[PDB]
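Beneath this line is the structure, given in C-alpha cells, with notes to follow.
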Number of protein chains: 2
Amino acid sequence: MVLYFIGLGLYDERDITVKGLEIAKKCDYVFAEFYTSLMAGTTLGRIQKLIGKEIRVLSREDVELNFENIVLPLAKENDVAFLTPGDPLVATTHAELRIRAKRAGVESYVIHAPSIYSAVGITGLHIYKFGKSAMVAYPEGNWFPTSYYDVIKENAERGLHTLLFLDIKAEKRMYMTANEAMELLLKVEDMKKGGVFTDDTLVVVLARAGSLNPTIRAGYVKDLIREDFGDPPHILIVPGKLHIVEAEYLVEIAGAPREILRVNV
Amino acid sequence: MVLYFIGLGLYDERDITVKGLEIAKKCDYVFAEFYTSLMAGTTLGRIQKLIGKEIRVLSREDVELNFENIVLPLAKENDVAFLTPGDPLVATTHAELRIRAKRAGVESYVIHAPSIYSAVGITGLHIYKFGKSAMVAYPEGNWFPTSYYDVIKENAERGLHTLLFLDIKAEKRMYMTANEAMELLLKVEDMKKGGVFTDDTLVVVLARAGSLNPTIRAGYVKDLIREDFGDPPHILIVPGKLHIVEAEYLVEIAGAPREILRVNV
Ligand SMILES: Nc1ncnc2c1ncn2[C@@H]1O[C@H](CSCC[C@H](N)C(=O)O)[C@@H](O)[C@H]1O
Ligand code: NA
C-alpha cells in the first residue's frame, strides 16, 4: 500500500527517469493527468506501452474533488502510481494531494522528472538570476488578469529574469503561445503604462523544451510578436539585466540581435 | 559530429532519464564531471555499469579551460556525451560550452533531467514564489562573503522564498551542512543586524532530494540548528510569508510546528 507521484518529463515518454520507470512498471494501478501541461512528443499509448500497464486518465475535477475517492482507496491495499507531465509538484497544486494521502493513512513518494522550471537553463540565462515567476492567464469574460505584469516589473527593478508560464486549457485543447502572451502584455502596458513591456522589450521564447530540436529565440517584442515558434507548449521569459555571457549565448544560440552584446552596466 | 549534454539527475544512477540513458549508450565516448555537484546516492562505478561505457571524469579545469581540446575534438567524428549532475546547463558556466561547440562546428543537443531547482517543490513551497537564488560559502582567511544574506533580505522583503545552495569541496568530498549554514547566517546577522536571520526565523531543510527517503524538515532556527538532517547534500531555504496551503504541507509533511500556521501565514 503506497502512492507514487511520478513525473513523466517535458516532451515525450522517454523524459521519465529510470527510477520512475522501474517503479511504475511494478505498480498495481496507474493513474495520470494531462491538464497541468502538454507533452507534445508522445501519446497515452506510447506511455502505456513503455510502462506496460493500462493508464487511467483523470480530469482536473477527478483529481481536485475526488482524488481521495478514486485513487487513495486503491493505494490502501496496493501500490499505486499517479503520473503527471514535467515534475509532479511544479506549478501545480498536486503537493496538497500528499496531505490527503497522509490523512487517508497512505504513504506517498515523489519521483521527480525534468521540469520546464530548470530547462530554462538552455536559454543561456543564469538560472539563479530568475526572480519571482508568474502565469499569464487567458482573459475570461470581463475579468482581465494582470498580476503577471507586476511580477515582471518587480523583477526587472532588481535586475532579475522573469519566467512566465503560459495558460493551458487541456479540455478545449487551448495552449497559449508566446505570441498571445506578448499581445496580452502589450495591452496591459497600455492600461498601466509603466514602461514595463513594449515593442522594444527584449524577450526569450522557449518552445517544446525536452525535444531534441526545441525553439529557442531571443529578440525585441516588435520583431518576435508575429514570429512562428512551432507548436506548443511555449514559455515566455523577460530577462532582467544581462551578463555578457548570457548575451553572447542569446546571440549565438537564440539568434538575438548582435546589438544586445552591448550591455548597459 | 554530435555532442550530447546529458543530465544525471539528483541522487543516484537511476535519476538519469530513459532518453539520456539510451543516448549515452549509443555514444562512442562518454565524459562526466562531478565538481559542480555530487551524486551522494551512487558511485562512478555504478553509473558506469548502468550505462555500459567507460567514463572519463573531467575536472573543473579540464572543462573550463580545455573543453575544446578534450571533448570537442572527439565530437567532430563521433557521438559524444557529457554527463553532469542535475539538469544540464543549470550550472552558470555550462551554457557557454554550447557556444564553444558551435564555434568548433559541432552539433550539440541537451537531454534534461531533474534539478534541485524544481525538486524543491517537494518542500510544499509554491515554485512561483522563489526569488533570486544564492550560495552560502565558507569564510576563509580574510574573506567572509555575505551577499547571500542580502539575497534573503530582498526576497523576503517581497514575500519571496530564497533557495540557498550550500558550499561543497567536491574534490575533498566535503559537504556544508544545513547546521553549518545556519550558524554562518546567525553570525552574519550578528554583523549586519538587519533582522533577516535569527533564532526565530523559519527555515526549511531538504536533504538528499531524489532519494525515496529524503529528509524534509521545517522549523525555527533555534530548534533546528542542532538537529541531524542525515547525510548530505543539504539545501537550505528561507521562506517568505507563507500561503496557508504551504504552511499546512510544512506541518503535515515536514513536521513543522503548528506555530507557523499563525506566525508565518
Ligand atoms: N516542454 C515545455 N516547453 C515549453 N514550455 C513548457 C514545457 N512544459 C511545460 N511548459 C510550460 O509550463 C506550463 C505548464 S505548468 C506545469 C509545469 C510542470 N509541472 C513542469 O514541471 O514543467 C505550460 O503551459 C508551458 O507554458
Ligand atoms: Na528560481
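Both backbone and side-chain heavy atoms feed into the values below; hydrogens, waters and symmetry mates do not. Residue numbering restarts at 1 for every chain, and letters A, B, ... go by the order of the sequence lines.
- Using a 4.5 Å cut-off between heavy atoms, A/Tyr128 contacts chain B through both its backbone and its side chain.
- Under the 30°/60° scheme for interplanar angles, the aromatic rings of B/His126 and B/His243 are found to be tilted.
- Looking at A/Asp87, only its side chain comes within 4.5 Å of chain B, counting heavy atoms on both sides.
- Heavy atoms of A/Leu212 lying under 4.5 Å from chain B belong to its backbone as well as its side chain.
- For the residue pair B/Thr17 and A/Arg14, no side-chain donor N or O sits within less than 3.5 Å of a side-chain acceptor on the partner.
- Residue A/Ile111 touches chain B through its side chain alone, counting heavy-atom pairs closer than 4.5 Å.
- For A/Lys132, the parts sitting under 4.5 Å from any heavy atom of chain B are the backbone and the side chain alike.
- The aromatic rings of A/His94 and A/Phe82 stand perpendicular to each other, their planes meeting at an angle above 60°, with 30° marking the opposite boundary.
- Only the backbone of A/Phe130 has a heavy atom closer than 4.5 Å to any heavy atom of chain B.
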The test is salt bridge (charged side-chain N to carboxylate O under 4.0 Å, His left out); show your working for B/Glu22 and B/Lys26 and say whether it passes. CA-CA 7 Å; B/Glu22 308 191 327; B/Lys26 299 188 177 188; over 6 Å; no

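- The distance between the ring centers of B/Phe165 and B/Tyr117 falls below 6.0 angstrom.
- Both the backbone and the side chain of A/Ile122 come within less than 4.5 Å of a heavy atom in chain B.
- Between A/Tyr109 and A/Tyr4, the two ring planes are tilted [angle within 30° to 60°].
- Contacts of A/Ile23 with chain B are made by side-chain atoms alone, with heavy-atom separations under 4.5 Å and no backbone atom involved.
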